[PDB]
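S.K.: Data: start02.pdb, PDB, C-alpha atoms and all ligand atoms.
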```pdb
ATOM      1  CA  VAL R  11       0.000   0.000   0.000
ATOM      2  CA  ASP R  12       1.120   3.557  -0.797
ATOM      3  CA  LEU R  13       1.214   5.034   2.712
ATOM      4  CA  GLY R  14       3.589   7.979   2.308
ATOM      5  CA  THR R  15       3.970  11.060   0.112
ATOM      6  CA  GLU R  16       3.967   9.246  -3.251
ATOM      7  CA  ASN R  17       0.917  11.052  -4.646
ATOM      8  CA  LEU R  18       1.501  14.555  -3.232
ATOM      9  CA  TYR R  19       1.830  17.627  -5.468
ATOM     10  CA  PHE R  20       4.988  19.789  -5.313
ATOM     11  CA  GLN R  21       5.671  22.699  -7.762
ATOM     12  CA  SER R  22       9.295  21.797  -8.405
ATOM     13  CA  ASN R  23      11.648  19.010  -7.619
ATOM     14  CA  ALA R  24      13.590  21.440  -5.395
ATOM     15  CA  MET R  25      14.647  19.701  -2.178
ATOM     16  CA  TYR R  26      15.266  22.911  -0.205
ATOM     17  CA  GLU R  27      13.844  26.422   0.013
ATOM     18  CA  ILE R  28      15.911  29.457  -0.930
ATOM     19  CA  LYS R  29      15.364  32.118   1.727
ATOM     20  CA  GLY R  30      16.345  35.143  -0.334
ATOM     21  CA  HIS R  31      19.204  37.080  -1.858
ATOM     22  CA  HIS R  32      22.588  36.821  -0.112
ATOM     23  CA  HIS R  33      24.479  39.759  -1.609
ATOM     24  CA  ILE R  34      25.045  41.580  -4.852
ATOM     25  CA  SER R  35      28.424  42.691  -6.212
ATOM     26  CA  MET R  36      29.325  45.643  -8.474
ATOM     27  CA  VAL R  37      32.255  47.482 -10.021
ATOM     28  CA  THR R  38      33.250  51.034  -8.951
ATOM     29  CA  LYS R  39      35.962  53.246 -10.416
ATOM     30  CA  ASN R  40      36.574  55.219  -7.196
ATOM     31  CA  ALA R  41      36.428  53.865  -3.642
ATOM     32  CA  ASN R  42      36.424  57.323  -2.002
ATOM     33  CA  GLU R  43      33.270  58.382  -3.895
ATOM     34  CA  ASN R  44      31.731  54.920  -3.514
ATOM     35  CA  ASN R  45      32.282  54.970   0.241
ATOM     36  CA  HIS R  46      30.788  58.431   0.518
ATOM     37  CA  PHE R  47      27.648  57.394  -1.339
ATOM     38  CA  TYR R  48      26.870  54.034   0.277
ATOM     39  CA  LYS R  49      27.894  54.938   3.822
ATOM     40  CA  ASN R  50      27.314  58.682   4.160
ATOM     41  CA  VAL R  51      24.382  59.242   1.784
ATOM     42  CA  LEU R  52      22.612  55.882   1.970
ATOM     43  CA  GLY R  53      23.511  55.378   5.629
ATOM     44  CA  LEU R  54      24.660  51.744   5.295
ATOM     45  CA  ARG R  55      27.458  50.366   7.467
ATOM     46  CA  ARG R  56      30.781  49.632   5.796
ATOM     47  CA  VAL R  57      30.953  46.110   7.162
ATOM     48  CA  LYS R  58      34.195  45.041   5.474
ATOM     49  CA  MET R  59      37.107  46.754   3.833
ATOM     50  CA  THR R  60      39.198  44.059   2.128
ATOM     51  CA  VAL R  61      40.698  43.014  -1.236
ATOM     52  CA  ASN R  62      39.494  40.824  -4.104
ATOM     53  CA  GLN R  63      40.566  37.356  -2.972
ATOM     54  CA  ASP R  64      41.293  36.490  -6.628
ATOM     55  CA  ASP R  65      43.333  39.741  -7.054
ATOM     56  CA  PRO R  66      44.786  41.310  -3.842
ATOM     57  CA  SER R  67      45.625  44.578  -5.699
ATOM     58  CA  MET R  68      41.947  45.549  -5.896
ATOM     59  CA  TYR R  69      39.780  46.898  -3.031
ATOM     60  CA  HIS R  70      36.621  44.984  -2.252
ATOM     61  CA  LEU R  71      34.230  47.000  -0.050
ATOM     62  CA  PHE R  72      31.025  45.609   1.551
ATOM     63  CA  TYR R  73      28.131  47.684   2.893
ATOM     64  CA  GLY R  74      25.085  46.404   4.739
ATOM     65  CA  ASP R  75      23.313  46.327   8.052
ATOM     66  CA  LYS R  76      24.859  46.254  11.553
ATOM     67  CA  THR R  77      26.659  42.937  10.869
ATOM     68  CA  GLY R  78      26.532  42.769   7.094
ATOM     69  CA  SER R  79      23.978  39.971   7.396
ATOM     70  CA  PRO R  80      22.903  37.901   4.341
ATOM     71  CA  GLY R  81      20.362  39.863   2.371
ATOM     72  CA  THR R  82      21.804  43.284   3.216
ATOM     73  CA  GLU R  83      25.202  43.157   1.545
ATOM     74  CA  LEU R  84      26.147  45.358  -1.441
ATOM     75  CA  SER R  85      29.774  44.925  -2.366
ATOM     76  CA  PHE R  86      31.999  46.792  -4.831
ATOM     77  CA  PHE R  87      35.352  45.992  -6.476
ATOM     78  CA  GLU R  88      37.297  49.177  -7.080
ATOM     79  CA  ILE R  89      38.911  49.133 -10.522
ATOM     80  CA  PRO R  90      40.471  52.614 -10.970
ATOM     81  CA  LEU R  91      41.001  52.415 -14.779
ATOM     82  CA  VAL R  92      37.625  50.921 -15.632
ATOM     83  CA  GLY R  93      35.506  52.590 -18.341
ATOM     84  CA  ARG R  94      31.826  53.483 -18.440
ATOM     85  CA  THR R  95      29.039  50.923 -18.646
ATOM     86  CA  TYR R  96      27.236  50.800 -21.961
ATOM     87  CA  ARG R  97      23.675  49.774 -21.031
ATOM     88  CA  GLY R  98      21.974  46.881 -22.763
ATOM     89  CA  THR R  99      20.553  43.411 -22.286
ATOM     90  CA  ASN R 100      21.812  40.166 -20.710
ATOM     91  CA  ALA R 101      22.744  41.940 -17.511
ATOM     92  CA  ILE R 102      21.607  42.368 -13.898
ATOM     93  CA  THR R 103      20.195  45.884 -14.142
ATOM     94  CA  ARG R 104      18.559  47.179 -10.885
ATOM     95  CA  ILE R 105      18.963  46.739  -7.144
ATOM     96  CA  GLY R 106      15.798  46.976  -5.039
ATOM     97  CA  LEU R 107      16.305  48.084  -1.398
ATOM     98  CA  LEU R 108      13.503  47.774   1.195
ATOM     99  CA  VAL R 109      12.519  50.735   3.408
ATOM    100  CA  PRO R 110       9.868  50.479   6.102
ATOM    101  CA  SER R 111       7.127  52.909   4.987
ATOM    102  CA  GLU R 112       5.784  55.303   2.353
ATOM    103  CA  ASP R 113       6.903  57.938   4.879
ATOM    104  CA  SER R 114      10.507  56.648   4.512
ATOM    105  CA  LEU R 115      10.118  57.292   0.779
ATOM    106  CA  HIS R 116       9.403  60.943   1.595
ATOM    107  CA  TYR R 117      12.410  61.049   3.900
ATOM    108  CA  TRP R 118      14.544  59.635   1.076
ATOM    109  CA  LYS R 119      13.220  61.988  -1.578
ATOM    110  CA  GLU R 120      14.280  64.981   0.560
ATOM    111  CA  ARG R 121      17.658  63.401   1.321
ATOM    112  CA  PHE R 122      18.306  62.743  -2.370
ATOM    113  CA  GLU R 123      17.436  66.390  -3.132
ATOM    114  CA  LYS R 124      19.866  67.515  -0.427
ATOM    115  CA  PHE R 125      22.693  65.338  -1.725
ATOM    116  CA  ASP R 126      22.026  65.905  -5.445
ATOM    117  CA  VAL R 127      21.305  62.243  -6.055
ATOM    118  CA  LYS R 128      19.571  61.412  -9.324
ATOM    119  CA  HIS R 129      16.073  60.181  -8.431
ATOM    120  CA  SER R 130      12.557  59.674  -9.745
ATOM    121  CA  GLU R 131       9.279  60.910  -8.405
ATOM    122  CA  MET R 132       7.160  58.623  -6.246
ATOM    123  CA  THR R 133       6.256  55.555  -8.297
ATOM    124  CA  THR R 134       5.477  51.840  -8.305
ATOM    125  CA  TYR R 135       8.003  49.045  -8.876
ATOM    126  CA  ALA R 136       7.029  45.366  -8.939
ATOM    127  CA  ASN R 137       3.729  46.199  -7.244
ATOM    128  CA  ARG R 138       5.248  48.169  -4.361
ATOM    129  CA  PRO R 139       5.405  51.907  -3.692
ATOM    130  CA  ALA R 140       8.874  52.962  -4.830
ATOM    131  CA  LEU R 141      11.452  55.659  -5.516
ATOM    132  CA  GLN R 142      14.006  55.057  -8.227
ATOM    133  CA  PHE R 143      17.499  56.494  -7.984
ATOM    134  CA  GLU R 144      21.056  56.151  -9.392
ATOM    135  CA  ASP R 145      24.551  56.569  -8.106
ATOM    136  CA  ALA R 146      27.067  58.776  -9.926
ATOM    137  CA  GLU R 147      28.378  55.766 -11.917
ATOM    138  CA  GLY R 148      25.016  54.928 -13.462
ATOM    139  CA  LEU R 149      24.088  52.092 -11.121
ATOM    140  CA  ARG R 150      20.310  51.871 -10.941
ATOM    141  CA  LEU R 151      18.603  51.341  -7.591
ATOM    142  CA  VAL R 152      15.048  51.511  -6.298
ATOM    143  CA  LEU R 153      13.682  52.033  -2.819
ATOM    144  CA  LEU R 154      10.695  49.775  -2.124
ATOM    145  CA  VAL R 155       8.172  49.907   0.691
ATOM    146  CA  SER R 156       8.306  46.906   2.952
ATOM    147  CA  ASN R 157       5.639  47.800   5.532
ATOM    148  CA  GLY R 158       8.347  46.855   8.048
ATOM    149  CA  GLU R 159       8.729  43.269   6.791
ATOM    150  CA  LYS R 160      12.277  42.052   7.210
ATOM    151  CA  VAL R 161      14.529  38.999   7.310
ATOM    152  CA  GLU R 162      14.638  38.134  11.021
ATOM    153  CA  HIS R 163      18.418  38.530  11.320
ATOM    154  CA  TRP R 164      18.584  42.060   9.841
ATOM    155  CA  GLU R 165      19.565  44.885  12.254
ATOM    156  CA  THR R 166      19.568  48.632  11.816
ATOM    157  CA  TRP R 167      22.838  50.465  12.331
ATOM    158  CA  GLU R 168      23.037  52.777  15.356
ATOM    159  CA  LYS R 169      25.852  54.955  13.948
ATOM    160  CA  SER R 170      24.094  55.632  10.634
ATOM    161  CA  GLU R 171      23.371  59.175   9.451
ATOM    162  CA  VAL R 172      19.811  57.920   8.816
ATOM    163  CA  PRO R 173      17.099  57.530  11.481
ATOM    164  CA  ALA R 174      16.501  53.860  12.348
ATOM    165  CA  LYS R 175      12.880  53.977  11.184
ATOM    166  CA  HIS R 176      13.844  55.056   7.626
ATOM    167  CA  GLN R 177      17.022  53.031   7.158
ATOM    168  CA  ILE R 178      17.452  50.736   4.232
ATOM    169  CA  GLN R 179      16.559  47.267   5.568
ATOM    170  CA  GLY R 180      18.219  45.068   2.962
ATOM    171  CA  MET R 181      17.594  43.791  -0.556
ATOM    172  CA  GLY R 182      14.221  43.419  -2.203
ATOM    173  CA  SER R 183      13.508  42.925  -5.928
ATOM    174  CA  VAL R 184      16.587  42.426  -8.142
ATOM    175  CA  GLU R 185      16.063  43.099 -11.865
ATOM    176  CA  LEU R 186      17.535  40.844 -14.595
ATOM    177  CA  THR R 187      17.298  42.023 -18.252
ATOM    178  CA  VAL R 188      17.601  39.149 -20.716
ATOM    179  CA  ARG R 189      17.153  38.122 -24.396
ATOM    180  CA  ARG R 190      15.387  34.877 -23.439
ATOM    181  CA  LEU R 191      12.902  35.392 -20.633
ATOM    182  CA  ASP R 192      11.577  31.821 -21.037
ATOM    183  CA  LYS R 193      14.996  30.333 -20.384
ATOM    184  CA  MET R 194      15.520  32.478 -17.278
ATOM    185  CA  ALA R 195      12.047  31.611 -15.985
ATOM    186  CA  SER R 196      12.754  27.886 -16.437
ATOM    187  CA  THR R 197      15.981  28.186 -14.449
ATOM    188  CA  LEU R 198      14.301  29.947 -11.555
ATOM    189  CA  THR R 199      11.183  27.791 -11.363
ATOM    190  CA  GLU R 200      12.350  24.367 -12.536
ATOM    191  CA  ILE R 201      15.714  24.240 -10.838
ATOM    192  CA  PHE R 202      15.396  26.579  -7.908
ATOM    193  CA  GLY R 203      11.681  26.259  -7.153
ATOM    194  CA  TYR R 204      10.948  30.000  -7.284
ATOM    195  CA  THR R 205       7.299  30.951  -7.374
ATOM    196  CA  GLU R 206       6.143  32.728 -10.508
ATOM    197  CA  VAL R 207       4.101  35.747  -9.392
ATOM    198  CA  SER R 208       3.318  36.929 -12.908
ATOM    199  CA  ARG R 209       4.587  36.480 -16.474
ATOM    200  CA  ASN R 210       4.098  37.934 -19.908
ATOM    201  CA  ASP R 211       6.403  38.318 -22.933
ATOM    202  CA  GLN R 212       7.861  41.590 -21.608
ATOM    203  CA  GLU R 213       8.320  40.893 -17.870
ATOM    204  CA  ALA R 214       7.936  38.194 -15.278
ATOM    205  CA  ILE R 215       8.267  38.350 -11.474
ATOM    206  CA  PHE R 216       9.480  35.496  -9.270
ATOM    207  CA  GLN R 217       9.807  35.039  -5.549
ATOM    208  CA  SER R 218      12.144  32.592  -3.824
ATOM    209  CA  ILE R 219       9.589  32.346  -1.015
ATOM    210  CA  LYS R 220       5.983  32.999  -2.080
ATOM    211  CA  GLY R 221       4.821  36.373  -0.758
ATOM    212  CA  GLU R 222       8.259  37.625   0.283
ATOM    213  CA  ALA R 223      10.292  40.483  -1.193
ATOM    214  CA  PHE R 224      13.619  39.218   0.131
ATOM    215  CA  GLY R 225      14.352  36.912  -2.802
ATOM    216  CA  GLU R 226      12.263  38.579  -5.486
ATOM    217  CA  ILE R 227      13.583  38.683  -9.061
ATOM    218  CA  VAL R 228      12.077  40.832 -11.828
ATOM    219  CA  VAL R 229      12.950  39.434 -15.267
ATOM    220  CA  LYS R 230      12.682  41.850 -18.209
ATOM    221  CA  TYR R 231      12.908  40.979 -21.889
ATOM    222  CA  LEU R 232      15.082  43.351 -23.894
ATOM    223  CA  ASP R 233      16.451  42.784 -27.376
ATOM    224  CA  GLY R 234      19.290  44.816 -28.805
ATOM    225  CA  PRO R 235      22.942  44.945 -27.769
ATOM    226  CA  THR R 236      24.212  43.177 -24.709
ATOM    227  CA  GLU R 237      25.413  45.439 -21.928
ATOM    228  CA  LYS R 238      29.124  46.218 -21.995
ATOM    229  CA  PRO R 239      29.926  46.417 -18.305
ATOM    230  CA  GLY R 240      32.205  48.981 -16.678
ATOM    231  CA  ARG R 241      31.848  51.271 -13.663
ATOM    232  CA  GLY R 242      28.374  51.018 -12.186
ATOM    233  CA  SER R 243      27.880  47.496 -13.530
ATOM    234  CA  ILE R 244      26.508  44.609 -11.503
ATOM    235  CA  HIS R 245      28.857  41.636 -11.668
ATOM    236  CA  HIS R 246      26.738  38.903  -9.976
ATOM    237  CA  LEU R 247      23.805  38.168  -7.708
ATOM    238  CA  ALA R 248      24.236  35.707  -4.823
ATOM    239  CA  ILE R 249      21.369  33.721  -3.309
ATOM    240  CA  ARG R 250      21.238  32.167   0.157
ATOM    241  CA  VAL R 251      21.563  28.570   1.228
ATOM    242  CA  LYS R 252      21.565  27.325   4.831
ATOM    243  CA  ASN R 253      24.765  25.286   4.952
ATOM    244  CA  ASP R 254      27.386  23.326   3.052
ATOM    245  CA  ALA R 255      25.042  20.363   2.561
ATOM    246  CA  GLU R 256      22.515  22.525   0.727
ATOM    247  CA  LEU R 257      25.349  24.128  -1.280
ATOM    248  CA  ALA R 258      26.504  20.668  -2.436
ATOM    249  CA  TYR R 259      22.928  19.760  -3.354
ATOM    250  CA  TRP R 260      22.636  22.855  -5.542
ATOM    251  CA  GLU R 261      25.988  22.210  -7.172
ATOM    252  CA  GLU R 262      24.622  18.855  -8.263
ATOM    253  CA  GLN R 263      21.385  20.391  -9.592
ATOM    254  CA  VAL R 264      23.261  23.016 -11.588
ATOM    255  CA  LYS R 265      25.543  20.398 -13.149
ATOM    256  CA  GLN R 266      22.570  18.197 -14.130
ATOM    257  CA  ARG R 267      21.097  21.091 -16.104
ATOM    258  CA  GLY R 268      24.370  21.438 -18.065
ATOM    259  CA  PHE R 269      25.572  24.610 -16.487
ATOM    260  CA  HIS R 270      29.251  24.767 -15.635
ATOM    261  CA  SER R 271      29.900  25.311 -11.928
ATOM    262  CA  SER R 272      33.030  27.066 -10.586
ATOM    263  CA  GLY R 273      33.139  24.392  -7.908
ATOM    264  CA  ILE R 274      32.660  25.217  -4.225
ATOM    265  CA  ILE R 275      35.126  27.915  -3.143
ATOM    266  CA  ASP R 276      35.734  28.957   0.467
ATOM    267  CA  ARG R 277      35.356  32.735   0.594
ATOM    268  CA  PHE R 278      36.054  32.684   4.357
ATOM    269  CA  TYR R 279      32.912  34.610   5.309
ATOM    270  CA  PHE R 280      30.904  31.918   3.452
ATOM    271  CA  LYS R 281      31.347  29.096   0.945
ATOM    272  CA  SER R 282      29.928  29.530  -2.542
ATOM    273  CA  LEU R 283      29.813  28.441  -6.125
ATOM    274  CA  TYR R 284      29.243  30.446  -9.286
ATOM    275  CA  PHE R 285      27.499  29.568 -12.548
ATOM    276  CA  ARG R 286      26.239  31.471 -15.582
ATOM    277  CA  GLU R 287      22.814  30.740 -16.985
ATOM    278  CA  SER R 288      21.628  30.669 -20.608
ATOM    279  CA  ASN R 289      21.585  34.479 -20.976
ATOM    280  CA  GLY R 290      25.038  34.876 -19.459
ATOM    281  CA  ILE R 291      23.794  36.174 -16.091
ATOM    282  CA  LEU R 292      26.292  35.198 -13.315
ATOM    283  CA  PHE R 293      24.718  33.759 -10.244
ATOM    284  CA  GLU R 294      26.426  32.747  -7.017
ATOM    285  CA  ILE R 295      25.039  30.346  -4.429
ATOM    286  CA  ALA R 296      26.387  31.250  -0.969
ATOM    287  CA  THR R 297      26.032  29.857   2.524
ATOM    288  CA  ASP R 298      24.529  32.127   5.217
ATOM    289  CA  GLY R 299      27.440  31.487   7.524
ATOM    290  CA  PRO R 300      29.758  31.987   9.103
ATOM    291  CA  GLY R 301      29.525  35.676   8.214
ATOM    292  CA  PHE R 302      31.662  38.769   8.820
ATOM    293  CA  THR R 303      31.804  38.334  12.618
ATOM    294  CA  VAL R 304      33.802  35.113  12.189
ATOM    295  CA  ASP R 305      37.111  37.096  12.165
ATOM    296  CA  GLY R 306      36.190  40.181  14.213
ATOM    297  CA  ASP R 307      33.911  41.834  16.744
ATOM    298  CA  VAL R 308      30.719  43.602  15.622
ATOM    299  CA  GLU R 309      31.955  46.774  17.348
ATOM    300  CA  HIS R 310      34.834  47.330  14.923
ATOM    301  CA  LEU R 311      33.620  45.791  11.610
ATOM    302  CA  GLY R 312      34.880  47.602   8.535
ATOM    303  CA  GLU R 313      37.283  49.969  10.281
ATOM    304  CA  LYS R 314      40.591  48.513   9.120
ATOM    305  CA  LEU R 315      41.883  46.460   6.208
ATOM    306  CA  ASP R 316      40.791  42.890   6.802
ATOM    307  CA  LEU R 317      42.368  39.963   5.011
ATOM    308  CA  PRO R 318      41.535  36.279   4.725
ATOM    309  CA  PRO R 319      44.179  34.256   6.659
ATOM    310  CA  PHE R 320      45.970  33.080   3.486
ATOM    311  CA  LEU R 321      46.883  36.673   2.579
ATOM    312  CA  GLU R 322      48.320  37.920   5.905
ATOM    313  CA  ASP R 323      51.701  36.677   4.606
ATOM    314  CA  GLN R 324      51.415  39.418   1.978
ATOM    315  CA  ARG R 325      49.881  42.170   4.158
ATOM    316  CA  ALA R 326      52.989  44.388   3.871
ATOM    317  CA  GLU R 327      52.929  44.108   0.072
ATOM    318  CA  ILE R 328      49.124  44.428  -0.168
ATOM    319  CA  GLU R 329      48.996  47.471   2.142
ATOM    320  CA  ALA R 330      51.867  49.191   0.317
ATOM    321  CA  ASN R 331      49.965  49.007  -3.008
ATOM    322  CA  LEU R 332      46.689  50.479  -1.656
ATOM    323  CA  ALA R 333      45.714  54.129  -1.185
ATOM    324  CA  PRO R 334      43.800  54.813   2.029
ATOM    325  CA  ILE R 335      40.071  55.437   1.649
ATOM    326  CA  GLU R 336      39.527  59.115   2.366
ATOM    327  CA  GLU R 337      36.444  60.200   4.324
ATOM    328  CA  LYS R 338      34.849  63.237   2.670
TER     329      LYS R 338
HETATM  330 ZN    ZN O 401      29.824  37.235  -4.440
END
```
Rewrite the coordinates I just gave you, this time as structure tokens.
M.R.:
Amino acid sequence: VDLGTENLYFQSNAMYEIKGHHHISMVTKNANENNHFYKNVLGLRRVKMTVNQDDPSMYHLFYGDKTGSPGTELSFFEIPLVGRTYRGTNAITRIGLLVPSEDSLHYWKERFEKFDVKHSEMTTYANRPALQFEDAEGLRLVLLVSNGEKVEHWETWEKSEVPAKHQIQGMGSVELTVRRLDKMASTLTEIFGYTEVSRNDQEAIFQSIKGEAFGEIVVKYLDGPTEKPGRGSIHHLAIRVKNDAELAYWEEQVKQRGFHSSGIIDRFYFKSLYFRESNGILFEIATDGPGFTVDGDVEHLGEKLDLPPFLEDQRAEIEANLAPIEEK
């Protein structure tokens, strides 16, 4: 007799849930200006000042909440001689950031006026009240009303320029612009078990957890030239998994669908793997832990140049080749 779960309906073969976005990584031409914008204007904490583990000559700066928790992290590689981004398709194109209330949108509109930040009027984005804005490098962002919803582990930053009740909470919708929306949709729903909120030929919206903003992806169809990335480009989007066992599971799933995995790499603050999908979008799958407090106290995160253990042998060399980040 069939006594178990033989006949039950599931939407995907996915064995595990994906809680949300982990972090998103970008290219900046100028760390001083980047630091001023993300820390001083946007009020985020600089949770880690380090170097590209694959190239110790390049700054890698993370911003986020009090501890840089998964879901809150925006990171930037500083590449001083990089050129402009030429916009186009097959690229991650917009970062959604949750704020608690429509009131927070009004707070932000005034702040953007004050700091001469490029910004929209009050609008709607993926069915949420929103305010679009850009940094000086052409990176596109959008503030999105959360109604106070948050990933449990997120914490506001007590030394921010921004009042707690209006602070950026962490990531919401992330926008992908692609030639083949069907192929991207299949990846998200058939492999990863994302819930399709809506879909037409022009745009589709997916949620890692049904009803939650924290893992939401907006997929837009755009024909025409592919983006030529430079300053202000988004390099990859990372999604969250609970532990190394889930990471290994996903590595297997990715391989079965014919994508080519980087293999699991220990990034110290987490383990991850990277893969590109059909449209060339680079995704990373990252464990939640151990996080940025693994190698330091919360009190002093981001204040000095932190290095993964394997690079301390080269600290003298690394430090000598880096200009200090100047607070303006
Ligand atoms: Zn990453």
S.K.: Which residues fall under the PyMOL selection byres (((chain R and resi 192) around 10) and not hetatm) in this file, as an MDAnalysis selection string?
M.R.: chainID R and resid 188:191 193:197 209:211 214 229 231
S.K.: If you count all atoms listed in the file, which residues end up within 9 Å of ligand ZN 401 (chain O), as JSON, numbers by chain?
M.R.: {"R": [32, 33, 34, 35, 85, 245, 246, 247, 248, 277, 282, 283, 284, 293, 294, 295, 296]}
S.K.: Applied to this file, what does the PyMOL selection byres (((chain R and resi 19-21) around 10) and not hetatm) return in terms of residues, put as a list in words?
M.R.: residues 15, 16, 17, 18, 22, 23, 24, 199, 200, 203, 204 and 205 of chain R
S.K.: Which is closer to residue R:297 than all the others in R:310, R:87, R:81, R:50, using only C-alpha atoms?
M.R.: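 Closest to residue R:297, using only C-alpha atoms: R:81.
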S.K.: Which is closer to residue R:59 than all the others in R:216, R:118, R:73, R:285, using all atoms listed in the file?
M.R.: R:73
S.K.: Might you pull out every residue within 12 Å of residue R:122, with all atoms listed in the file counted and same-chain residues fewer than 4 positions away left off, and present them as a list in words?
M.R.: residues 47, 50, 51, 52, 115, 116, 117, 118, 126, 127, 128, 129, 130, 131, 141, 142, 143, 144, 145 and 153 of chain R
S.K.: Here's the selection I'm unsure about, the PyMOL selection byres (((chain R and resi 62-70) around 8) and not hetatm); applied to the file above, which residues does it give, as a list in words?
M.R.: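 Answer for the PyMOL selection byres (((chain R and resi 62-70) around 8) and not hetatm): residues 41, 59, 60, 61, 71, 72, 85, 86, 87, 88, 89, 277, 318, 328, 331 and 332 of chain R.
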S.K.: When you draw a straight line from atom CA of residue R:334 to atom CA of residue R:314, how long is it in Å?
M.R.: 10.0 Å
S.K.: Looking at R:102, R:207, R:308, R:291, which one is nearest to residue R:137, with distances taken over all atoms listed in the file?
M.R.: R:207
S.K.: From the set R:74, R:235, R:241, R:170, which residue has the shortest atom-to-atom contact distance to residue R:150, counting only C-alpha atoms?
M.R.: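 Closest residue, counting only C-alpha atoms: R:241.
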S.K.: Find the axis-aligned box for stretch 202-221 of chain R, covering all its listed atoms and adding 3 Å on each side, and write its centre and edge lengths in Å to one decimal as lines of an AutoDock Vina configuration file.
M.R.:
```
center_x = 9.4
center_y = 33.9
center_z = -11.8
size_x = 18.1
size_y = 21.3
size_z = 28.2
```
S.K.: Which distance in Å separates atom CA of residue R:224 and atom CA of residue R:244, to one decimal?
M.R.: 18.2 Å
S.K.: So, counting all atoms listed in the file, which residue among R:27, R:336, R:322, R:162 is closest to residue R:217?
M.R.: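 Once distances to residue R:217 are computed over all atoms listed in the file, the minimum belongs to R:27.
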S.K.: Need the shell around residue R:286: protein/DNA/RNA residues with any atom at most 8 Å away, counting only C-alpha atoms. Skip same-chain ones fewer than 6 positions apart. Format as a count of residues only?
M.R.: 4
